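The chain below stands alone and is given in structure tokens; this is the form deposited without the RNA.
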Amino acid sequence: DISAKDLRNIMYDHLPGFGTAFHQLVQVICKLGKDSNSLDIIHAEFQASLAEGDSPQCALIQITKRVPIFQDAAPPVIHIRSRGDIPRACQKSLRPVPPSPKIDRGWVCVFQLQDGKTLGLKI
């Protein structure tokens, strides 16, 4: 059975650059997918979108809209030390956190810093 690590690697293989907001979205998809035993359907939706000609970025977004565990779901809160622990390619995608962020509206995750600061990662 496909593991979260393997799915991450498969999805990363299709992405340009590294440590981008789409890479973090892969991590969030794999994490929530693993916790809901849904890695198989996520992988199948990913492959199906690619096979139709969608960009890998669009395929990842379509997963957040097509796989029921992501529908109307809040972004995971991720505790970190400083803004530095966030990858360089994500820095310009960080925003103040909106009242009710949703993954299927492009809010990938909420980073929670040590001092109480919080930032939402937006696609």
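Note that residue numbering follows the sequence shown and begins at 1.
Another form exists, deposited with the RNA bound; not displayed. Remarks below refer to it.
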**Request:** Could you tell me which one of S55, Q71, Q47, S82 places a heavy atom within 4.5 Å of the RNA in the deposited complex?
**Result:** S55
**Message:** Considering non-hydrogen atoms and a 4.5 Å limit, which listed residue (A89, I78, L39, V97) is close to the RNA in the deposited complex?
**Reply:** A89
**Request:** May I ask you to check whether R8 falls inside a 4.5 Å heavy atom distance of the RNA in the deposited complex?
**Result:** no
**Message:** Considering non-hydrogen atoms and a 4.5 Å limit, does the RNA approach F22 in the deposited complex?
**Reply:** yes
**Request:** Answer yes if any heavy atom of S93 is within 4.5 Å of a heavy atom of the RNA in the deposited complex; otherwise answer no.
**Result:** yes
**Contact of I123 with the RNA in the deposited complex (heavy atom, 4.5 Å)** = yes
**Item:** Partner contacts in the deposited complex for 1-19 (non-hydrogen atom within 4.5 angstroms of the RNA)
**Value:** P16, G17
